[PDB]
Amino acid sequence: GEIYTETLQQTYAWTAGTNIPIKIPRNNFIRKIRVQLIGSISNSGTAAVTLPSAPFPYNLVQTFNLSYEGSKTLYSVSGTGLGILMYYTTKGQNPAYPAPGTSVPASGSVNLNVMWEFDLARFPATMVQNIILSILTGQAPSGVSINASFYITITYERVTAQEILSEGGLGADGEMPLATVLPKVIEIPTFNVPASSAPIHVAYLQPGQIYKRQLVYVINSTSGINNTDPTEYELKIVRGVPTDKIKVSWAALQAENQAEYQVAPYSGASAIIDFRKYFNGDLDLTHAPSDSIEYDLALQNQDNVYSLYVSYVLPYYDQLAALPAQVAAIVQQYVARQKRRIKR
Amino acid sequence: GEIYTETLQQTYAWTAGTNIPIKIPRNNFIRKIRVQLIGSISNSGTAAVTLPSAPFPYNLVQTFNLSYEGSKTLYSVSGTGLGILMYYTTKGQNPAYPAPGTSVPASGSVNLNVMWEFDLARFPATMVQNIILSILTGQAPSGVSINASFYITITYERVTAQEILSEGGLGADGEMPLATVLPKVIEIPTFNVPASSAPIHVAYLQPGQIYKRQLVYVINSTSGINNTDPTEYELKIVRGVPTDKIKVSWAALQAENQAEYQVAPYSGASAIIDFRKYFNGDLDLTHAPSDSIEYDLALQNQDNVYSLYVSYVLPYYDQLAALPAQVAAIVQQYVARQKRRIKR
Amino acid sequence: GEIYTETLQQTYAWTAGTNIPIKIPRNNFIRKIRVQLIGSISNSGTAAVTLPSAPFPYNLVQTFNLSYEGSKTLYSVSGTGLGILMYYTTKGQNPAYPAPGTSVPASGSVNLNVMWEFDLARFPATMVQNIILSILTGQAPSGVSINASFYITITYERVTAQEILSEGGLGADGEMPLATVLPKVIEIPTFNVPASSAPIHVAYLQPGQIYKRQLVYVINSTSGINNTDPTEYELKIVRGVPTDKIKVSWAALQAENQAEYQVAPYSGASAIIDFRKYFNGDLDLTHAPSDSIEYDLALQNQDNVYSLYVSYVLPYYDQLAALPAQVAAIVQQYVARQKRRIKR
């Protein structure tokens with residue numbers, strides 16, 4: 001339809017350790033919601049305070065939660081999570097000031113401007129209830145005070161009654177269009193995966209969604225997100241004959257990120273693995289039995305591994321599949337275009 | 001038919017760390033089996049010894065195991081498990097003397113009287129073999145000696161050949177009545193669920209049973225069962241669009257237990273979730289694919305989470321479903337009555 | 001076809017803590033690969049050094065890993081693992097000198113000769129790529145020096161293009177014969193299964209393969225592999241009505257190892273459970289939903305349980321099942337001969 005974008009007047013003061021729920025007007029369908037922590041970081045102290053290093057500024061918003069009807073979650077990542085994902089998918093060009101380790105002039109200040117982006121393909125926001133983006137902000141860097149607010153920029157696509165029919169009408173239960181592609185950006189953290197030389201089991205991908213790419217990064221208690229423990233990453237198909245789609249050394253996984261995202265590594269402890277390049281098209285597990293694909297890690301010391309997945313679900317995945325070769329050819333064309341929209 | 005109860009004359013001495021297997025005579029069908037630790041806790045020591053606190057006295061019977069045919073398990077819970085479930089389903093009026101922390105007078109003694117209850121709805125005990133309730137006793141509290149025994153009180157229901165046909169005769173393989181509802185009160189413990197503020201995945205409900213209610217409680221190494229780590233409980237439907245049936249704070253979950261069970265929380269670390277109120281009817285996973293519903297916990301420290309389920313299987317679940325709208329109407333009414341009989 | 005065996009000229013020096021990758025010539029199909037550490041254990045010190053006890057000498061080779069195409073694994077075991085599997089499947093007649101605890105004369109030496117055997121049924125080595133058996137040697141016993149090499153003895157079967165048509169031609173994608181039976185001897189280690197008298201859940205057998213037999217052994221930090229903690233073994237069908245295929249006490253499990261294998265127990269901490277005698281034929285989970293069968297352990301103390309499975313997969317398991325009752329009979333008879341060939 002008619003994509004069109006506007007910023008909501010209603011801003012939100014960033015306060016430390018608070019939960020600020022945002023209502024996303026449900027005008028048309030929603031394509032993307034951008035969020036910006038824009039303000040400044042003030043130092044009133046006598047000595048110029050150096051801002052914490054990465055993930056800062058990203059961790060100024062400790063967590064994110066975009067869901068509808070309050071129960072169905074579209075997004076569930078941390079400011080550190082979505083932030084790092086943003087850092088890659090935009091050639092590290094995503095607004096993120098100040099940079100880690102910047103000094104706030106003594107009894108003066110700096111500029112704050114961080115951003116996130118939730119890609120909802122073409123979410124049927126008017127047919128649903130309450131799209132509530134809950135931002136549970138984190139802590140004010142030590143010694144400085146964050147003086148910002150959030151700016152919600154939503155991109156609607158004016159889908160009409162007709163156009164909906166042109167892609168397969170409504171679902172089985174008719175609650176979203178048949179060609180709906182709900183983004184499922186979840187992040188499941190694993191705790192205390194042990195130090196090893198041989199990639200040890202980290203976690204299985206649970207079925208029920210098609211994986212596009214996965215953002216894995218480790219967190220040392222000492223160096224935080226600035227360590228170099230992950231050395232051996234590994235995507236193992238466990239079901240069937242044990243097969244390895246990936247058995248790449250950490251350096252080299254960050255390597256495909258050089259060619260892939262044309263951007264220096266976010267830190268020694270992060271990377272992205274595009275399933276589209278290790279399978280044919282996307283890694284789908286809508287119907288594979290669970291604990292059939294796990295990803296491993298050989299960590300230098302023993303730490304915490306966070307796995308952010310940019311996956312998506314097709315709420316009528318069966319009717320799209322149970323459609324005539326005629327209709328299916330056209331419906332697949334919309335679902336096909338929608339899935340590629342949800343990059344970051 | 002004609003429910004009727006009797007105690008079995010042959011008793012069993014409570015000896016520490018032993019497995020005392022019990023034969024439950026198969027006279028008629030079995031509705032419920034009560035077990036009682038009855039005697040006293042003697043102190044022969046010079047100074048008055050204080051009894052360990054909750055889960056005691058319950059844990060004096062480390063584990064319970066009621067099964068038939070040596071293979072099929074109707075129960076598998078610990079006295080701490082089944083004991084806590086008992087504490088709720090009866091407004092905390094379940095016999096458990098002495099209370100936690102009670103003193104055994106120096107060179108005198110106290111009274112021991114604890115009870116458990118396995119509800120087998122209307123288990124066809126005459127058509128199966130060997131209903132052996134194995135009680136694997138725990139450890140005698142320090143400073144005192146447990147001087148009791150177990151009394152098995154069995155509740156039979158004189159189901160007649162006639163009456164059995166009146167609910168759909170026998171199963172497919174004719175080993176139990178078509179309308180059998182075998183209780184499956186199992187308890188699956190999880191270890192080291194890590195400390196976090198956002199509920200982290202704890203364990204999935206495995207399909208193959210209809211869940212009536214779930215009893216979750218954490219075990220700190222220091223405070224035992226008397227801590228307050230469980231802060232955020234969460235029942236998540238993982239398969240498909242991520243949906244939340246429960247996303248309630250611990251305090252609030254213990255709140256519904258106040259109105260629900262009209263009883264004080266058993267400890268800062270326990271609670272109960274009734275599936276009939278978060279789903280429509282009981283949460284069935286007889287045929288749902290694996291890892292589709294998990295329950296989480298936000299724990300203050302890192303401990304062990306014990307999950308006891310009051311679930312039940314329908315051994316001919318298919319013939320019940322493949323029965324005429326004519327017959328199914330009557331049979332379902334029998335199965336419906338039986339499912340509620342298995343409360344505690 | 002034409003079985004024929006030979007040793008490869010090229011041996012490999014045993015060095016402590018090294019990975020020695022071996023290329024296995026793909027002349028014909030490969031039936032079994034023997035590996036032998038042959039040399040001596042020299043003591044150059046003044047006092048006669050007594051060699052470490054079980055698992056030595058087996059553990060001189062920390063782990064084994066036979067896979068083809070760098071991503072598909074046929075074996076993934078530890079020398080201690082595959083080694084014990086060897087101790088049983090050959091009536092404890094498998095070559096292992098010197099025995100545990102043997103004395104190497106002060107400034108003299110003893111004789112080394114240990115063996116492993118990888119059963120690949122009739123692996124299509126000519127149709128796959130790069131069969132590399134990677135041997136990650138362990139550590140040289142303290143005080144003595146291992147002076148051996150590895151000897152690769154491969155048994156090829158002159159399977160012909162003709163004969164392959166005679167068992168169902170090729171697979172679906174045509175990469176191996178339709179009636180291929182790839183061995184999948186993997187070994188899954190579990191850590192810190194808590195001390196209990198009631199068998200507590202240890203780990204599930206994941207689907208996607210037919211289990212022939214499983215070798216379980218515990219490792220105390222004190223007695224190494226020579227403890228007596230495993231007391232109660234137990235194979236539970238978790239999906240459906242809870243059922244127990246095995247609930248045999250440890251003593252008794254080693255008992256069936258007496259009659260079954262006609263050999264004394266490898267140590268107080270080991271055993272073998274053959275699925276063929278607890279199901280009808282092999283325990284197949286190519287299609288059972290996951291976490292449907294787990295095995296338990298009542299451990300005296302809290303230790304590490306290593307579970308080595310002698311399982312195998314049918315790469316085109318579906319065309320074997322979708323074959324005419326005509327052909328299925330003949331193809332099945334080939335698959336069957338192959339399935340029993342992978343004993344050790």
# chains A, B, ... in the order shown; residues from 1 in each chain; ligands from 1

$ select_by_dssp --residues "segment 64-300 of chain C" --states "helix (DSSP H, G or I)" --output "PyMOL selection string"
chain C and resi 79-89+161-165+250-261+275-277

$ calpha_fit_rmsd --fixed "chain C" --moving "chain B"
0.2 Å

$ atom_distance --atom1 "atom CA of residue 158 of chain A" --atom2 "atom CA of residue 6 of chain A"
13.0 Å

$ residues_around --residues "segment 250-254 of chain C" --least-positions-apart "6" --cutoff "7 Å" --atoms "only C-alpha atoms" --output "list in words"
residues 230, 231, 232, 233, 265 and 271 of chain C

$ closest_atom_pairs --of "chain C" --to "chain B" --cutoff "8 Å" --atoms "only C-alpha atoms" --output "Markdown table"
| residue | atom | partner | partner_atom | distance |
| --- | --- | --- | --- | --- |
| C:198 | CA | B:63 | CA | 7.5 |
| C:239 | CA | B:208 | CA | 5.2 |
| C:240 | CA | B:208 | CA | 4.3 |
| C:241 | CA | B:313 | CA | 6.1 |
| C:242 | CA | B:73 | CA | 5.4 |
| C:243 | CA | B:72 | CA | 4.4 |
| C:244 | CA | B:71 | CA | 4.4 |
| C:245 | CA | B:71 | CA | 6.8 |
| C:289 | CA | B:290 | CA | 6.6 |
| C:290 | CA | B:290 | CA | 6.5 |
| C:291 | CA | B:206 | CA | 7.6 |
